[PDB]
$ cat upload-v1.tsv   # TSV, C-alpha atoms
chain	number	residue	atom	x	y	z
A	1	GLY	CA	-10.20	-13.54	13.40
A	2	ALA	CA	-9.80	-10.35	15.45
A	3	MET	CA	-7.19	-9.11	12.84
A	4	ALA	CA	-9.78	-9.46	9.98
A	5	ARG	CA	-12.39	-7.58	12.15
A	6	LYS	CA	-9.81	-4.79	12.79
A	7	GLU	CA	-9.14	-4.49	8.99
A	8	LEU	CA	-12.85	-4.39	8.12
A	9	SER	CA	-13.43	-1.60	10.71
A	10	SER	CA	-10.40	0.30	9.26
A	11	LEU	CA	-11.83	0.10	5.72
A	12	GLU	CA	-15.41	0.96	6.92
A	13	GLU	CA	-13.94	4.14	8.47
A	14	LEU	CA	-12.02	5.06	5.29
A	15	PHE	CA	-14.95	4.42	2.90
A	16	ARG	CA	-17.80	5.80	5.12
A	17	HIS	CA	-19.80	8.50	3.18
A	18	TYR	CA	-18.25	7.22	-0.10
A	19	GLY	CA	-20.91	4.64	-1.02
A	20	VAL	CA	-18.71	1.52	-0.75
A	21	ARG	CA	-21.00	-1.43	0.06
A	22	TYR	CA	-20.44	-4.05	2.79
A	23	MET	CA	-19.63	-6.93	0.38
A	24	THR	CA	-17.09	-4.74	-1.53
A	25	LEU	CA	-15.36	-3.98	1.86
A	26	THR	CA	-15.52	-7.69	2.82
A	27	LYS	CA	-13.83	-8.67	-0.45
A	28	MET	CA	-11.08	-5.98	-0.08
A	29	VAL	CA	-10.24	-7.28	3.48
A	30	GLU	CA	-10.12	-10.88	2.10
A	31	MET	CA	-7.73	-9.63	-0.66
A	32	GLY	CA	-5.48	-8.19	2.08
A	33	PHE	CA	-5.96	-4.42	1.58
A	34	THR	CA	-5.21	-1.95	4.38
A	35	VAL	CA	-5.68	1.86	4.50
A	36	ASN	CA	-1.86	2.45	4.52
A	37	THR	CA	-1.47	0.40	1.33
A	38	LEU	CA	-4.34	2.25	-0.47
A	39	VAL	CA	-3.05	5.78	0.44
A	40	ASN	CA	0.37	4.94	-1.05
A	41	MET	CA	-1.03	3.52	-4.34
A	42	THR	CA	-1.23	5.58	-7.53
A	43	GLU	CA	-4.55	6.53	-9.27
A	44	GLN	CA	-3.65	3.96	-11.99
A	45	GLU	CA	-3.05	1.19	-9.35
A	46	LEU	CA	-6.44	2.00	-7.77
A	47	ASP	CA	-8.03	1.70	-11.31
A	48	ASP	CA	-6.34	-1.73	-11.72
A	49	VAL	CA	-7.67	-2.99	-8.35
A	50	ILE	CA	-11.19	-1.72	-9.23
A	51	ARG	CA	-10.98	-3.70	-12.53
A	52	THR	CA	-9.58	-6.76	-10.57
A	53	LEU	CA	-12.58	-6.64	-8.13
A	54	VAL	CA	-15.08	-6.91	-11.09
A	55	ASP	CA	-13.10	-9.18	-13.52
A	56	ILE	CA	-11.41	-11.66	-11.16
A	57	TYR	CA	-13.24	-11.37	-7.82
A	58	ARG	CA	-16.66	-10.92	-9.47
A	59	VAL	CA	-17.75	-8.20	-7.04
A	60	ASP	CA	-20.80	-6.24	-8.16
A	61	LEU	CA	-19.79	-2.55	-8.12
A	62	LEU	CA	-22.32	0.29	-8.65
A	63	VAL	CA	-21.03	3.21	-10.81
A	64	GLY	CA	-20.87	5.59	-7.77
A	65	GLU	CA	-19.08	2.88	-5.71
A	66	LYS	CA	-16.19	2.84	-8.33
A	67	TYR	CA	-15.98	6.68	-8.09
A	68	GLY	CA	-16.38	6.41	-4.25
A	69	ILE	CA	-13.28	4.19	-3.71
A	70	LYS	CA	-11.13	6.71	-5.62
A	71	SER	CA	-12.69	9.80	-3.92
A	72	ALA	CA	-12.24	8.25	-0.42
A	73	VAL	CA	-8.49	7.61	-1.14
A	74	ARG	CA	-8.02	11.14	-2.70
A	75	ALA	CA	-9.63	12.77	0.37
A	76	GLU	CA	-7.50	10.70	2.75
A	77	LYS	CA	-4.30	11.56	0.75
A	78	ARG	CA	-5.25	15.28	0.91
A	79	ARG	CA	-6.07	15.02	4.68
A	80	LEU	CA	-2.64	13.39	5.37
A	81	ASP	CA	-0.66	15.92	3.21
A	82	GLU	CA	-2.42	18.97	4.84
A	83	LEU	CA	-1.60	17.43	8.28
A	84	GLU	CA	2.12	17.03	7.26
A	85	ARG	CA	2.19	20.91	7.12
$ encode --input "upload-v1.tsv" --output "structure tokens"
Amino acid sequence: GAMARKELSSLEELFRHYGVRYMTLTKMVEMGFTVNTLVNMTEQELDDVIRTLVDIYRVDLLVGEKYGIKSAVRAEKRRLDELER
């Protein structure tokens, strides 16, 4: 209950300014995604999850929302790598 709220806040923070809508975030939390998992996934694995959201989970994704999930993860990966220096 509080754990699901913590995960949603975590994803809201990651995807803020990337056009990911509330119901897309809600579905990702329900699927069990965390920020740490997403930053360690490949570009191809992120493409597969995006396809899974539409095909299996029937989430309605805008075109910019699909590009937004990938851009938010790329930016976070670059922020973490630059920090590691």
$ closest_residue --input "upload-v1.tsv" --among "A:50, A:8, A:62, A:35" --to "residue 22 of chain A" --atoms "only C-alpha atoms"
A:8
$ closest_residue --input "upload-v1.tsv" --among "A:20, A:3, A:31, A:39" --to "residue 68 of chain A" --atoms "only C-alpha atoms"
A:20
$ residues_around --input "upload-v1.tsv" --residues "residue 71 of chain A" --least-positions-apart "2" --cutoff "12 Å" --atoms "only C-alpha atoms" --output "mmCIF file with C-alpha atoms, in the frame of the given file"
data_model
loop_
_atom_site.group_PDB
_atom_site.id
_atom_site.type_symbol
_atom_site.label_atom_id
_atom_site.label_comp_id
_atom_site.auth_asym_id
_atom_site.auth_seq_id
_atom_site.Cartn_x
_atom_site.Cartn_y
_atom_site.Cartn_z
ATOM 1 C CA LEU A 14 -12.020 5.060 5.290
ATOM 2 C CA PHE A 15 -14.950 4.420 2.900
ATOM 3 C CA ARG A 16 -17.800 5.800 5.120
ATOM 4 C CA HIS A 17 -19.800 8.500 3.180
ATOM 5 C CA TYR A 18 -18.250 7.220 -0.100
ATOM 6 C CA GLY A 19 -20.910 4.640 -1.020
ATOM 7 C CA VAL A 20 -18.710 1.520 -0.750
ATOM 8 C CA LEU A 38 -4.340 2.250 -0.470
ATOM 9 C CA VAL A 39 -3.050 5.780 0.440
ATOM 10 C CA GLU A 43 -4.550 6.530 -9.270
ATOM 11 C CA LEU A 46 -6.440 2.000 -7.770
ATOM 12 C CA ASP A 47 -8.030 1.700 -11.310
ATOM 13 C CA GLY A 64 -20.870 5.590 -7.770
ATOM 14 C CA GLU A 65 -19.080 2.880 -5.710
ATOM 15 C CA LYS A 66 -16.190 2.840 -8.330
ATOM 16 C CA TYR A 67 -15.980 6.680 -8.090
ATOM 17 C CA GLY A 68 -16.380 6.410 -4.250
ATOM 18 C CA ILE A 69 -13.280 4.190 -3.710
ATOM 19 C CA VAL A 73 -8.490 7.610 -1.140
ATOM 20 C CA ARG A 74 -8.020 11.140 -2.700
ATOM 21 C CA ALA A 75 -9.630 12.770 0.370
ATOM 22 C CA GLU A 76 -7.500 10.700 2.750
ATOM 23 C CA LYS A 77 -4.300 11.560 0.750
ATOM 24 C CA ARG A 78 -5.250 15.280 0.910
#
$ atom_distance --input "upload-v1.tsv" --atom1 "atom CA of residue 61 of chain A" --atom2 "atom CA of residue 21 of chain A"
8.3 Å
$ atom_distance --input "upload-v1.tsv" --atom1 "atom CA of residue 34 of chain A" --atom2 "atom CA of residue 1 of chain A"
15.5 Å
$ closest_residue --input "upload-v1.tsv" --among "A:24, A:12, A:2, A:80" --to "residue 58 of chain A" --atoms "only C-alpha atoms"
A:24
$ atom_distance --input "upload-v1.tsv" --atom1 "atom CA of residue 27 of chain A" --atom2 "atom CA of residue 10 of chain A"
13.7 Å
$ closest_residue --input "upload-v1.tsv" --among "A:7, A:60, A:48, A:85" --to "residue 36 of chain A" --atoms "all atoms listed in the file"
A:7
